[PDB]
């Protein structure tokens, strides 16, 4: 099916945690960028208007671009970069299927690492595997690493001597992430995307992690474990059978990724909450938490195929 989407690139303020804000060059003014959810084989057109003062592109990471290399989105290799004020059109077939993503390919050490120029590109297989068909809830987790010294210095950063100090899932750090809420008998798919500069070791308590897909491609047999080491650019789809009611941590097991600046108990961390046990526990950090749906695109993935903006991810224009 033919599908046509429009994206703008806007100077945008976001807040990672507390008072830690950041200047971003955000697609449709949100970080992560809009979800693009299409069927394997769809013919996609994207029109990208640059409303910032710096050049950009969009590269579609995981798209083979068969016969369409001039839409690969690499400045000085497949196109002239999109200059401020200009519009560029990308045209490609959505293939192969799987957890893909898209990001700017200009000055990546700054733009992708710390300017939020990334979003998920989910391509549905025409014929999903049996394991895919057991999934009841589908989550996207984009992992990023930020250097706060460059928070309000657009056009700069991503250089030797940088001190990484904030770590996010979908551009929020714990305790401002959202819980993953389930019931016994659910099967969840965690689509982990290595959007950052660091390796992350994603560990889930109380459950068997079934690493079932790498870079969109199904593994011969899922690998069982409890910690998934994921590097920059990689994607892993982890399937978890929700057979064990409780309150359960999901976090980066690299301990320096669980801090917010110099404070512990932050960074890349959330929880799985089963409705069977409830959250009314005197010790529980999130007993009084106001839940925000769609923080992992888990509701938007249930909508009709297309591009989905998010009020959850929208920042403030600069």
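Numbering follows the first chain given and starts at 1.
Between the stretches 55-63 and 262-270, it is 262-270 that shows the larger average CA temperature factor. Looking at 125-133 and 209-217 together, the entry lists the larger mean B-factor for 125-133, computed on C-alpha atoms. Among 177, 144, 87, 204, the highest C-alpha B-factor recorded in the PDB entry belongs to 87. Per the deposited record, 184 carries the highest C-alpha B-factor of all listed residues (105, 184, 200, 172).
Per the PDB record, residue ranking by Cα B-factor puts residue 278 in the highest third of the chain. The PDB entry assigns residue 191 a C-alpha temperature factor belonging to the lowest third of its chain's modelled residues. Sorting the modelled residues of the chain by their CA temperature factor places residue 45 in the middle third. When the modelled residues of the chain are ordered by their C-alpha B factor, residue 156 lands in the highest third. Compared with the other modelled residues of the chain, the Cα B-factor recorded for residue 223 ranks in the highest third.
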